[PDB]
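Source file: protein-v6.cif (mmCIF, C-alpha atoms and all ligand atoms)
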```cif
data_protein
#
loop_
_atom_site.group_PDB
_atom_site.id
_atom_site.type_symbol
_atom_site.label_atom_id
_atom_site.label_comp_id
_atom_site.auth_asym_id
_atom_site.auth_seq_id
_atom_site.Cartn_x
_atom_site.Cartn_y
_atom_site.Cartn_z
ATOM 1 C CA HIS Q 1 59.514 -35.301 9.182
ATOM 2 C CA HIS Q 2 57.631 -38.431 7.907
ATOM 3 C CA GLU Q 3 57.073 -39.975 4.432
ATOM 4 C CA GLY Q 4 53.561 -40.652 3.143
ATOM 5 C CA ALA Q 5 51.029 -40.044 0.347
ATOM 6 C CA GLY Q 6 49.916 -36.413 -0.100
ATOM 7 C CA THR Q 7 46.793 -35.267 -1.921
ATOM 8 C CA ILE Q 8 47.301 -32.898 -4.781
ATOM 9 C CA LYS Q 9 45.900 -29.771 -3.178
ATOM 10 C CA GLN Q 10 43.930 -26.662 -4.200
ATOM 11 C CA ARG Q 11 45.870 -23.369 -4.580
ATOM 12 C CA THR Q 12 45.096 -19.752 -4.090
ATOM 13 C CA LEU Q 13 47.298 -16.655 -4.013
ATOM 14 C CA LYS Q 14 49.623 -16.167 -1.018
ATOM 15 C CA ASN Q 15 49.417 -12.311 -1.407
ATOM 16 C CA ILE Q 16 47.428 -9.697 -3.246
ATOM 17 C CA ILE Q 17 48.541 -8.523 -6.661
ATOM 18 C CA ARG Q 18 47.674 -5.058 -8.025
ATOM 19 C CA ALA Q 19 48.295 -3.903 -11.560
ATOM 20 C CA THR Q 20 47.256 -1.007 -13.763
ATOM 21 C CA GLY Q 21 46.820 -1.172 -17.567
ATOM 22 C CA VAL Q 22 44.633 -0.657 -20.587
ATOM 23 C CA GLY Q 23 41.892 -2.684 -22.270
ATOM 24 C CA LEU Q 24 42.934 -3.984 -25.700
ATOM 25 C CA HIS Q 25 39.520 -3.442 -27.163
ATOM 26 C CA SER Q 26 37.979 -0.685 -25.084
ATOM 27 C CA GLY Q 27 41.173 1.273 -24.575
ATOM 28 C CA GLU Q 28 40.037 2.018 -20.989
ATOM 29 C CA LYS Q 29 42.409 2.426 -18.102
ATOM 30 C CA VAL Q 30 41.805 -0.373 -15.644
ATOM 31 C CA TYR Q 31 42.998 -1.304 -12.145
ATOM 32 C CA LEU Q 32 43.328 -4.986 -11.375
ATOM 33 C CA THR Q 33 43.536 -6.638 -7.995
ATOM 34 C CA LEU Q 34 43.886 -10.386 -7.608
ATOM 35 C CA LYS Q 35 43.049 -11.667 -4.153
ATOM 36 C CA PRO Q 36 43.140 -14.965 -2.278
ATOM 37 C CA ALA Q 37 39.882 -16.937 -2.109
ATOM 38 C CA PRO Q 38 38.519 -19.878 -0.066
ATOM 39 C CA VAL Q 39 38.421 -23.455 -1.203
ATOM 40 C CA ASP Q 40 36.082 -24.275 -4.092
ATOM 41 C CA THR Q 41 35.442 -20.630 -5.000
ATOM 42 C CA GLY Q 42 36.947 -20.929 -8.462
ATOM 43 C CA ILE Q 43 38.046 -17.771 -10.240
ATOM 44 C CA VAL Q 44 35.459 -15.036 -9.912
ATOM 45 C CA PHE Q 45 35.610 -11.618 -11.631
ATOM 46 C CA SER Q 46 34.388 -8.663 -9.456
ATOM 47 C CA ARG Q 47 33.472 -5.290 -11.117
ATOM 48 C CA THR Q 48 34.345 -3.045 -8.190
ATOM 49 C CA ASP Q 49 33.570 0.151 -10.117
ATOM 50 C CA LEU Q 50 29.853 -0.610 -9.763
ATOM 51 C CA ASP Q 51 27.765 -0.071 -6.703
ATOM 52 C CA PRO Q 52 26.799 -2.662 -5.762
ATOM 53 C CA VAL Q 53 29.762 -4.777 -6.915
ATOM 54 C CA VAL Q 54 28.820 -7.304 -9.586
ATOM 55 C CA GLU Q 55 30.607 -10.682 -9.380
ATOM 56 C CA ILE Q 56 30.863 -13.098 -12.341
ATOM 57 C CA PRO Q 57 32.336 -16.597 -11.836
ATOM 58 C CA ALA Q 58 34.680 -17.493 -14.693
ATOM 59 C CA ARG Q 59 32.619 -20.404 -15.947
ATOM 60 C CA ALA Q 60 31.391 -21.563 -19.366
ATOM 61 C CA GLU Q 61 27.809 -20.777 -18.465
ATOM 62 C CA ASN Q 62 28.596 -17.055 -18.006
ATOM 63 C CA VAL Q 63 30.283 -16.657 -21.426
ATOM 64 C CA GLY Q 64 28.542 -13.951 -23.508
ATOM 65 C CA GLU Q 65 30.091 -12.830 -26.814
ATOM 66 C CA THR Q 66 33.119 -14.680 -28.154
ATOM 67 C CA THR Q 67 33.683 -12.928 -31.473
ATOM 68 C CA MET Q 68 36.849 -10.974 -30.640
ATOM 69 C CA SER Q 69 37.790 -12.049 -27.094
ATOM 70 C CA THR Q 70 36.189 -14.208 -24.414
ATOM 71 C CA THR Q 71 33.603 -12.192 -22.579
ATOM 72 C CA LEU Q 72 31.681 -12.961 -19.449
ATOM 73 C CA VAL Q 73 28.209 -11.462 -18.831
ATOM 74 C CA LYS Q 74 25.665 -11.167 -16.130
ATOM 75 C CA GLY Q 75 22.679 -9.033 -16.994
ATOM 76 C CA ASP Q 76 24.008 -5.927 -18.676
ATOM 77 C CA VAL Q 77 27.452 -6.228 -16.970
ATOM 78 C CA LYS Q 78 30.443 -7.568 -18.856
ATOM 79 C CA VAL Q 79 34.043 -8.559 -18.213
ATOM 80 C CA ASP Q 80 36.022 -8.687 -21.497
ATOM 81 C CA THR Q 81 39.166 -10.384 -22.597
ATOM 82 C CA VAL Q 82 39.572 -12.879 -19.775
ATOM 83 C CA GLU Q 83 41.520 -15.495 -21.689
ATOM 84 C CA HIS Q 84 45.076 -14.297 -21.108
ATOM 85 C CA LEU Q 85 44.762 -13.896 -17.342
ATOM 86 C CA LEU Q 86 42.898 -17.178 -17.151
ATOM 87 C CA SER Q 87 45.564 -18.826 -19.104
ATOM 88 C CA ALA Q 88 48.187 -17.626 -16.496
ATOM 89 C CA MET Q 89 46.054 -19.050 -13.710
ATOM 90 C CA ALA Q 90 45.552 -22.412 -15.328
ATOM 91 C CA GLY Q 91 49.191 -22.548 -16.261
ATOM 92 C CA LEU Q 92 50.280 -22.153 -12.595
ATOM 93 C CA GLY Q 93 47.445 -24.231 -11.093
ATOM 94 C CA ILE Q 94 45.393 -21.540 -9.378
ATOM 95 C CA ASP Q 95 41.976 -22.875 -8.293
ATOM 96 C CA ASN Q 96 40.580 -20.000 -6.264
ATOM 97 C CA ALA Q 97 40.889 -16.209 -6.567
ATOM 98 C CA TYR Q 98 38.930 -12.984 -6.828
ATOM 99 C CA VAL Q 99 39.831 -10.852 -9.752
ATOM 100 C CA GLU Q 100 38.636 -7.279 -9.072
ATOM 101 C CA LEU Q 101 38.558 -4.868 -11.952
ATOM 102 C CA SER Q 102 37.704 -1.142 -12.114
ATOM 103 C CA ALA Q 103 36.386 -1.437 -15.642
ATOM 104 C CA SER Q 104 34.833 -3.906 -18.032
ATOM 105 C CA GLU Q 105 38.051 -5.234 -19.742
ATOM 106 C CA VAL Q 106 41.043 -7.064 -18.234
ATOM 107 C CA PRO Q 107 44.264 -5.146 -18.963
ATOM 108 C CA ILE Q 108 46.232 -6.342 -21.898
ATOM 109 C CA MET Q 109 49.684 -5.751 -20.368
ATOM 110 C CA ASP Q 110 52.266 -6.801 -23.087
ATOM 111 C CA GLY Q 111 49.734 -8.919 -24.976
ATOM 112 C CA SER Q 112 50.855 -12.276 -23.431
ATOM 113 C CA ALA Q 113 50.447 -14.035 -20.064
ATOM 114 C CA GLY Q 114 54.110 -13.411 -19.010
ATOM 115 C CA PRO Q 115 53.497 -10.311 -16.847
ATOM 116 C CA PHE Q 116 50.612 -12.105 -15.095
ATOM 117 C CA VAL Q 117 52.676 -15.195 -14.367
ATOM 118 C CA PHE Q 118 55.383 -12.919 -13.121
ATOM 119 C CA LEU Q 119 53.144 -10.905 -10.832
ATOM 120 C CA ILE Q 120 51.506 -13.992 -9.546
ATOM 121 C CA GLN Q 121 54.742 -15.835 -8.967
ATOM 122 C CA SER Q 122 56.275 -12.847 -7.080
ATOM 123 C CA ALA Q 123 53.223 -12.826 -4.781
ATOM 124 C CA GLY Q 124 53.485 -16.602 -4.255
ATOM 125 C CA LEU Q 125 50.850 -19.350 -4.152
ATOM 126 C CA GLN Q 126 49.229 -20.825 -1.074
ATOM 127 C CA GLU Q 127 48.249 -24.486 -1.037
ATOM 128 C CA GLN Q 128 44.952 -25.035 0.756
ATOM 129 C CA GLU Q 129 43.424 -27.878 2.786
ATOM 130 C CA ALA Q 130 41.225 -29.530 0.131
ATOM 131 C CA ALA Q 131 41.850 -31.894 -2.693
ATOM 132 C CA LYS Q 132 42.244 -30.305 -6.122
ATOM 133 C CA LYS Q 133 39.477 -31.543 -8.486
ATOM 134 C CA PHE Q 134 40.331 -32.340 -12.087
ATOM 135 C CA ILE Q 135 38.200 -32.994 -15.141
ATOM 136 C CA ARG Q 136 39.329 -36.181 -16.914
ATOM 137 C CA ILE Q 137 38.273 -36.638 -20.563
ATOM 138 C CA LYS Q 138 36.946 -40.211 -21.070
ATOM 139 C CA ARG Q 139 35.629 -40.017 -24.635
ATOM 140 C CA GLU Q 140 36.439 -38.165 -27.748
ATOM 141 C CA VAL Q 141 34.377 -34.929 -27.966
ATOM 142 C CA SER Q 142 34.657 -32.915 -31.164
ATOM 143 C CA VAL Q 143 32.888 -29.869 -32.570
ATOM 144 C CA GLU Q 144 33.270 -28.414 -36.020
ATOM 145 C CA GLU Q 145 31.912 -25.616 -38.074
ATOM 146 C CA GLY Q 146 33.000 -25.304 -41.655
ATOM 147 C CA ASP Q 147 36.742 -26.022 -41.817
ATOM 148 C CA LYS Q 148 37.230 -25.135 -38.113
ATOM 149 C CA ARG Q 149 37.594 -27.930 -35.643
ATOM 150 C CA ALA Q 150 38.081 -28.433 -31.916
ATOM 151 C CA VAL Q 151 38.523 -31.727 -30.134
ATOM 152 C CA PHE Q 152 39.037 -33.261 -26.725
ATOM 153 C CA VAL Q 153 40.626 -36.723 -26.660
ATOM 154 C CA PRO Q 154 41.396 -38.965 -23.624
ATOM 155 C CA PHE Q 155 44.995 -38.589 -22.556
ATOM 156 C CA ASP Q 156 46.797 -39.290 -19.334
ATOM 157 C CA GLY Q 157 48.412 -35.905 -18.877
ATOM 158 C CA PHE Q 158 47.611 -32.581 -20.406
ATOM 159 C CA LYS Q 159 48.592 -31.619 -23.864
ATOM 160 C CA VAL Q 160 47.469 -29.240 -26.624
ATOM 161 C CA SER Q 161 48.020 -29.280 -30.397
ATOM 162 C CA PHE Q 162 47.045 -26.474 -32.641
ATOM 163 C CA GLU Q 163 47.152 -25.712 -36.309
ATOM 164 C CA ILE Q 164 46.371 -22.404 -38.016
ATOM 165 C CA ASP Q 165 45.923 -21.679 -41.705
ATOM 166 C CA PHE Q 166 46.678 -18.072 -42.601
ATOM 167 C CA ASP Q 167 47.659 -17.182 -46.173
ATOM 168 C CA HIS Q 168 50.226 -14.522 -45.408
ATOM 169 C CA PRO Q 169 53.853 -14.024 -46.285
ATOM 170 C CA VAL Q 170 54.753 -13.832 -42.618
ATOM 171 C CA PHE Q 171 54.239 -17.720 -42.340
ATOM 172 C CA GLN Q 172 51.677 -22.856 -38.336
ATOM 173 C CA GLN Q 173 51.517 -26.035 -36.225
ATOM 174 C CA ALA Q 174 52.644 -26.708 -32.678
ATOM 175 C CA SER Q 175 52.098 -29.275 -29.985
ATOM 176 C CA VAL Q 176 52.854 -28.831 -26.347
ATOM 177 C CA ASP Q 177 52.712 -31.452 -23.653
ATOM 178 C CA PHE Q 178 52.994 -30.355 -20.095
ATOM 179 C CA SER Q 179 55.070 -33.493 -19.240
ATOM 180 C CA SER Q 180 58.029 -31.806 -21.075
ATOM 181 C CA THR Q 181 57.006 -28.291 -22.029
ATOM 182 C CA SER Q 182 57.094 -25.474 -19.421
ATOM 183 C CA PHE Q 183 53.941 -23.343 -19.721
ATOM 184 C CA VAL Q 184 55.909 -20.475 -18.290
ATOM 185 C CA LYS Q 185 58.906 -20.782 -20.563
ATOM 186 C CA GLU Q 186 57.530 -21.922 -23.869
ATOM 187 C CA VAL Q 187 54.015 -20.569 -23.896
ATOM 188 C CA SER Q 188 53.271 -17.683 -21.516
ATOM 189 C CA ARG Q 189 55.356 -15.102 -23.378
ATOM 190 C CA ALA Q 190 53.538 -15.491 -26.681
ATOM 191 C CA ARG Q 191 51.828 -12.202 -27.598
ATOM 192 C CA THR Q 192 48.518 -11.586 -29.250
ATOM 193 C CA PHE Q 193 48.663 -10.445 -32.820
ATOM 194 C CA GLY Q 194 46.735 -8.451 -35.357
ATOM 195 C CA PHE Q 195 46.857 -7.516 -39.022
ATOM 196 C CA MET Q 196 47.054 -3.908 -40.095
ATOM 197 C CA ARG Q 197 44.388 -4.665 -42.636
ATOM 198 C CA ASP Q 198 41.770 -5.312 -39.970
ATOM 199 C CA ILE Q 199 42.767 -2.488 -37.693
ATOM 200 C CA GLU Q 200 40.835 0.413 -39.083
ATOM 201 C CA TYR Q 201 37.780 -1.691 -39.509
ATOM 202 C CA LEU Q 202 38.130 -2.920 -36.011
ATOM 203 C CA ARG Q 203 38.583 0.598 -34.602
ATOM 204 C CA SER Q 204 35.710 1.751 -36.804
ATOM 205 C CA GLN Q 205 33.724 -0.659 -34.634
ATOM 206 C CA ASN Q 206 35.288 0.509 -31.308
ATOM 207 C CA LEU Q 207 37.461 -2.614 -31.136
ATOM 208 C CA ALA Q 208 41.263 -2.714 -30.761
ATOM 209 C CA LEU Q 209 41.267 0.828 -29.309
ATOM 210 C CA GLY Q 210 44.105 0.128 -26.872
ATOM 211 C CA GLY Q 211 46.138 -1.975 -29.333
ATOM 212 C CA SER Q 212 49.700 -1.069 -30.202
ATOM 213 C CA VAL Q 213 53.117 -2.486 -30.959
ATOM 214 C CA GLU Q 214 53.635 -2.309 -27.207
ATOM 215 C CA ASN Q 215 51.023 -4.961 -26.570
ATOM 216 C CA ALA Q 216 50.612 -6.876 -29.817
ATOM 217 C CA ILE Q 217 52.574 -8.267 -32.725
ATOM 218 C CA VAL Q 218 51.333 -6.059 -35.500
ATOM 219 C CA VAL Q 219 51.557 -7.406 -39.055
ATOM 220 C CA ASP Q 220 51.312 -5.441 -42.297
ATOM 221 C CA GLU Q 221 51.093 -6.817 -45.825
ATOM 222 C CA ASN Q 222 54.458 -8.556 -45.649
ATOM 223 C CA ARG Q 223 56.134 -8.305 -42.252
ATOM 224 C CA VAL Q 224 56.065 -7.898 -38.425
ATOM 225 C CA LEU Q 225 56.270 -4.193 -37.574
ATOM 226 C CA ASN Q 226 57.453 -4.468 -33.978
ATOM 227 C CA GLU Q 227 61.080 -3.167 -34.216
ATOM 228 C CA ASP Q 228 62.426 -6.030 -32.109
ATOM 229 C CA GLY Q 229 60.629 -8.939 -33.733
ATOM 230 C CA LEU Q 230 59.263 -12.185 -32.337
ATOM 231 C CA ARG Q 231 59.902 -13.836 -29.025
ATOM 232 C CA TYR Q 232 59.520 -17.331 -30.559
ATOM 233 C CA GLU Q 233 59.803 -18.382 -34.180
ATOM 234 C CA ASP Q 234 56.275 -19.836 -33.937
ATOM 235 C CA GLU Q 235 54.899 -17.144 -31.664
ATOM 236 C CA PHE Q 236 51.564 -16.918 -33.493
ATOM 237 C CA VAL Q 237 50.543 -20.535 -33.049
ATOM 238 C CA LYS Q 238 51.927 -20.473 -29.502
ATOM 239 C CA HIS Q 239 49.486 -17.677 -28.671
ATOM 240 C CA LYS Q 240 46.559 -19.645 -30.044
ATOM 241 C CA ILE Q 241 47.600 -22.356 -27.564
ATOM 242 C CA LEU Q 242 47.827 -19.787 -24.807
ATOM 243 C CA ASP Q 243 44.294 -18.641 -25.750
ATOM 244 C CA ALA Q 244 43.003 -22.258 -25.706
ATOM 245 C CA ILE Q 245 44.480 -22.978 -22.305
ATOM 246 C CA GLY Q 246 42.604 -19.933 -20.893
ATOM 247 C CA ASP Q 247 39.300 -20.712 -22.691
ATOM 248 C CA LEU Q 248 39.480 -24.326 -21.395
ATOM 249 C CA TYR Q 249 39.868 -23.065 -17.872
ATOM 250 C CA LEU Q 250 36.260 -21.890 -18.063
ATOM 251 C CA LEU Q 251 35.542 -25.534 -17.241
ATOM 252 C CA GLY Q 252 36.387 -24.351 -13.661
ATOM 253 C CA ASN Q 253 38.956 -27.220 -13.089
ATOM 254 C CA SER Q 254 42.152 -28.287 -14.829
ATOM 255 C CA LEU Q 255 41.990 -30.875 -17.546
ATOM 256 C CA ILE Q 256 43.269 -34.376 -17.816
ATOM 257 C CA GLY Q 257 43.123 -34.840 -21.519
ATOM 258 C CA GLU Q 258 44.265 -33.673 -24.851
ATOM 259 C CA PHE Q 259 42.973 -30.684 -26.844
ATOM 260 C CA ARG Q 260 43.436 -30.388 -30.645
ATOM 261 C CA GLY Q 261 42.448 -27.130 -32.398
ATOM 262 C CA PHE Q 262 42.282 -26.593 -36.152
ATOM 263 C CA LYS Q 263 41.659 -22.901 -36.981
ATOM 264 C CA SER Q 264 39.816 -22.804 -33.691
ATOM 265 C CA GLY Q 265 39.121 -19.621 -31.722
ATOM 266 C CA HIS Q 266 37.043 -18.372 -28.777
ATOM 267 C CA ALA Q 267 33.586 -19.175 -30.135
ATOM 268 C CA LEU Q 268 34.432 -22.754 -31.069
ATOM 269 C CA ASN Q 269 36.413 -23.304 -27.862
ATOM 270 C CA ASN Q 270 33.354 -22.237 -25.920
ATOM 271 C CA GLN Q 271 31.107 -24.496 -28.097
ATOM 272 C CA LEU Q 272 33.444 -27.360 -27.329
ATOM 273 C CA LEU Q 273 33.249 -26.721 -23.611
ATOM 274 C CA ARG Q 274 29.463 -26.568 -23.699
ATOM 275 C CA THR Q 275 29.173 -29.782 -25.684
ATOM 276 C CA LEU Q 276 31.548 -31.470 -23.269
ATOM 277 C CA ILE Q 277 29.657 -30.368 -20.187
ATOM 278 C CA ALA Q 278 26.409 -31.561 -21.759
ATOM 279 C CA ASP Q 279 27.919 -35.020 -22.443
ATOM 280 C CA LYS Q 280 28.455 -36.417 -18.985
ATOM 281 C CA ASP Q 281 29.526 -39.770 -20.321
ATOM 282 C CA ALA Q 282 32.593 -38.075 -21.827
ATOM 283 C CA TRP Q 283 34.075 -36.747 -18.540
ATOM 284 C CA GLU Q 284 34.331 -37.226 -14.810
ATOM 285 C CA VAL Q 285 35.670 -35.254 -11.842
ATOM 286 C CA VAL Q 286 38.702 -36.829 -10.119
ATOM 287 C CA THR Q 287 41.122 -36.176 -7.279
ATOM 288 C CA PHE Q 288 44.528 -37.666 -6.451
ATOM 289 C CA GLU Q 289 45.274 -39.045 -3.003
ATOM 290 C CA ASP Q 290 48.929 -39.511 -3.991
ATOM 291 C CA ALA Q 291 50.676 -36.933 -6.049
ATOM 292 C CA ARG Q 292 53.334 -39.496 -6.938
ATOM 293 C CA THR Q 293 50.916 -41.543 -9.004
ATOM 294 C CA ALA Q 294 49.053 -38.636 -10.622
ATOM 295 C CA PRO Q 295 49.605 -38.081 -14.397
ATOM 296 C CA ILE Q 296 50.100 -34.307 -13.972
ATOM 297 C CA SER Q 297 52.429 -32.297 -11.753
ATOM 298 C CA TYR Q 298 52.911 -28.676 -10.719
ATOM 299 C CA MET Q 299 55.661 -26.308 -9.706
ATOM 300 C CA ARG Q 300 56.380 -25.782 -6.035
ATOM 301 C CA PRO Q 301 54.062 -23.050 -4.644
HETATM 302 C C1 LIG N 401 45.048 -13.285 -32.063
HETATM 303 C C2 LIG N 401 43.542 -13.296 -31.706
HETATM 304 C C3 LIG N 401 43.106 -14.708 -31.316
HETATM 305 N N1 LIG N 401 42.858 -12.962 -32.944
HETATM 306 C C4 LIG N 401 43.100 -12.273 -30.624
HETATM 307 N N2 LIG N 401 43.652 -10.916 -30.756
HETATM 308 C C5 LIG N 401 42.968 -9.897 -31.299
HETATM 309 O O1 LIG N 401 41.810 -10.009 -31.687
HETATM 310 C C6 LIG N 401 43.651 -8.570 -31.594
HETATM 311 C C7 LIG N 401 44.984 -8.398 -31.202
HETATM 312 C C8 LIG N 401 45.676 -7.244 -31.502
HETATM 313 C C9 LIG N 401 45.027 -6.234 -32.187
HETATM 314 C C10 LIG N 401 45.681 -5.151 -32.429
HETATM 315 C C11 LIG N 401 46.276 -4.150 -32.651
HETATM 316 C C12 LIG N 401 46.894 -2.932 -32.925
HETATM 317 C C13 LIG N 401 47.337 -1.870 -33.196
HETATM 318 C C14 LIG N 401 47.835 -0.523 -33.513
HETATM 319 C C15 LIG N 401 47.636 -0.248 -35.004
HETATM 320 C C16 LIG N 401 49.062 -0.358 -34.426
HETATM 321 C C17 LIG N 401 49.903 0.930 -34.242
HETATM 322 O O2 LIG N 401 50.683 0.892 -33.026
HETATM 323 C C18 LIG N 401 43.705 -6.407 -32.624
HETATM 324 C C19 LIG N 401 43.005 -7.591 -32.354
HETATM 325 C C20 LIG N 401 43.503 -12.723 -29.264
HETATM 326 O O3 LIG N 401 44.692 -12.869 -28.982
HETATM 327 N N3 LIG N 401 42.478 -12.898 -28.434
HETATM 328 O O4 LIG N 401 42.680 -13.453 -27.180
HETATM 329 ZN ZN ZN N 402 44.800 -13.995 -27.101
#
```
Let's see the structure in the file written out as structure tokens.
Amino acid sequence: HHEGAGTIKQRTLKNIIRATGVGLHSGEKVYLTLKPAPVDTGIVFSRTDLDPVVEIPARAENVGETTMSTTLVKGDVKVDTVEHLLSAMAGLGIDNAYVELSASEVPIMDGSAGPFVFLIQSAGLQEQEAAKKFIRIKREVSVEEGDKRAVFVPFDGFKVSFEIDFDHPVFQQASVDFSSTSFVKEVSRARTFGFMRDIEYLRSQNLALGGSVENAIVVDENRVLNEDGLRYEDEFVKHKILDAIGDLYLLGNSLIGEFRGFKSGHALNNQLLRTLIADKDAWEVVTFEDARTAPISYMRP
């Protein structure tokens, strides 16, 4: 036993994770396997139902549609609704992993990232022999469209603010800083949500076909319909934060910076990432030779 500086290191899974579920939008039954991956692989989604297998790295450049969920595309092959799983992975510091899926949509589980964090954390994480690379924000980068707004600001840590503006009796602002807030405890359990009003339209378009009170906060004209209510008083805005954490992980590396979202969503989050990547003065890749002086820290593996 000796004392010295240690690099903050890349992580993969210690064991394989298998789950079965349903696609929120497609309603399809889907089998999910997460597997360990070598250093610098990133998170790569593998459609194992196809022959040959089609692999899509979870990066901003592969993002197709972003109307309802965050979708990845390569050719005519898609992987839908990647944000909640990706959010779980970013939240626990996973750099490298294969996500195999038997169908085009990640399973929705209970509508949050909780079950994923739980499955992953039961399997365990494996630190690997390479420095973890971070993306540090060095300038303000903002995108807007109409009243929607998404911003990166320099910040020595990682924090996220979000504000939504729904006119609905059921109601809007939250900030979370990973120096104090636990991702796992205060964010990961926040479920997706939908309004009864949109549901038939959505289904009329073959969207929300797997959605139910079992996997979503469902809201009618006046109230939450789920018999047992909300897991957090501000669950709705907490889920928007959960979504943003997963959409930001399409950078392919954790962030050192601050994100602020104002009625933001998947499209604008993706626009923001693209604008950031284009503006190489506004960011740089960094490592930390000494975890003790880093501005971020992680749970034991
Ligand atoms: C919140 C956000 C960002 N808009 C998005 N979620 C969705 O779009 C979405 C979520 C739930 C439903 C439903 C249902 C249902 C249902 C069945 C009718 C009730 C009966 O049992 C529909 C759409 C998201 O969290 N994306 O990541
Ligand atoms: Zn979501």
Determine the nearest neighbour of residue 291 (chain Q) from the options Q:131, Q:17, Q:244, Q:90, counting all atoms listed in the file. Q:131
Region 135-148 of chain Q environment, 12 Å, all atoms listed in the file, sequence neighbours closer than 3 positions dropped, as a count of residues only: 58
Point out the residue among Q:189, Q:74, Q:239, Q:59 with the least atom-to-atom distance to ligand LIG 401 (chain N), counting all atoms listed in the file. Q:239
Distance table requested - chain Q against ligand LIG 401 (chain N), cut-off 10 Å, all atoms listed in the file: one row per qualifying residue with the closest atom pair and its distance in Å to one decimal, ordered by chain and rising residue number, as CSV.
```
residue,atom,partner,partner_atom,distance
Q:24,CA,N:LIG401,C9,7.2
Q:25,CA,N:LIG401,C18,7.5
Q:66,CA,N:LIG401,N3,9.5
Q:67,CA,N:LIG401,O1,8.6
Q:68,CA,N:LIG401,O1,5.2
Q:69,CA,N:LIG401,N3,4.9
Q:70,CA,N:LIG401,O4,7.1
Q:80,CA,N:LIG401,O4,10.0
Q:81,CA,N:LIG401,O4,6.5
Q:82,CA,N:LIG401,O4,8.1
Q:83,CA,N:LIG401,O4,6.0
Q:84,CA,N:LIG401,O4,6.6
Q:108,CA,N:LIG401,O4,9.5
Q:111,CA,N:LIG401,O3,7.6
Q:112,CA,N:LIG401,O3,8.3
Q:190,CA,N:LIG401,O3,9.5
Q:191,CA,N:LIG401,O3,7.3
Q:192,CA,N:LIG401,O3,4.0
Q:193,CA,N:LIG401,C7,4.5
Q:194,CA,N:LIG401,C8,4.2
Q:195,CA,N:LIG401,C10,7.1
Q:196,CA,N:LIG401,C15,6.3
Q:197,CA,N:LIG401,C15,9.4
Q:198,CA,N:LIG401,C18,7.7
Q:199,CA,N:LIG401,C15,6.0
Q:200,CA,N:LIG401,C15,8.0
Q:202,CA,N:LIG401,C18,7.4
Q:203,CA,N:LIG401,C18,8.9
Q:207,CA,N:LIG401,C18,7.5
Q:208,CA,N:LIG401,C18,4.8
Q:209,CA,N:LIG401,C12,7.7
Q:210,CA,N:LIG401,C12,7.3
Q:211,CA,N:LIG401,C12,3.8
Q:212,CA,N:LIG401,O2,3.6
Q:213,CA,N:LIG401,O2,4.6
Q:214,CA,N:LIG401,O2,7.3
Q:215,CA,N:LIG401,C8,7.6
Q:216,CA,N:LIG401,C8,5.2
Q:217,CA,N:LIG401,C8,7.1
Q:218,CA,N:LIG401,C12,6.0
Q:219,CA,N:LIG401,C16,8.8
Q:220,CA,N:LIG401,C16,9.6
Q:225,CA,N:LIG401,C16,8.8
Q:226,CA,N:LIG401,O2,8.7
Q:236,CA,N:LIG401,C1,7.6
Q:237,CA,N:LIG401,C1,9.2
Q:239,CA,N:LIG401,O3,6.8
Q:240,CA,N:LIG401,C3,6.2
Q:241,CA,N:LIG401,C3,9.6
Q:242,CA,N:LIG401,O4,8.5
Q:243,CA,N:LIG401,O4,5.6
Q:244,CA,N:LIG401,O4,8.9
Q:246,CA,N:LIG401,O4,9.0
Q:247,CA,N:LIG401,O4,9.2
Q:264,CA,N:LIG401,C3,9.1
Q:265,CA,N:LIG401,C3,6.3
Q:266,CA,N:LIG401,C3,7.5
```
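Going from CA of residue 130 (chain Q) over to CA of residue 98 (chain Q), you cover 18.1 Å.
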Shortest interatomic distance to ligand ZN 402 (chain N) - which of Q:176, Q:63, Q:73, Q:109, counting only C-alpha atoms and all ligand atoms: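 When distances to ligand ZN 402 (chain N) are compared using only C-alpha atoms and all ligand atoms, the smallest one comes from Q:109.
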Which value, in Å to one decimal, gives the distance between CA of residue 75 (chain Q) and CA of residue 38 (chain Q)?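 Straight-line distance from CA of residue 75 (chain Q) to CA of residue 38 (chain Q) works out to 25.6 Å.
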Please report, as AutoDock Vina command-line options, the centre and edge lengths in Å to one decimal of an axis-aligned box covering all listed atoms of region 206-222 of chain Q with 3 Å per side.
```
--center_x 44.9 --center_y -3.9 --center_z -36.2 --size_x 25.2 --size_y 15.4 --size_z 25.3
```
Shortest interatomic distance to residue 34 (chain Q) - which of Q:12, Q:205, Q:188, Q:172, counting all atoms listed in the file: Q:12
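Proximity of Q:245, Q:174, Q:101, Q:299 to ligand ZN 402 (chain N), computed with only C-alpha atoms and all ligand atoms, is greatest for Q:245.
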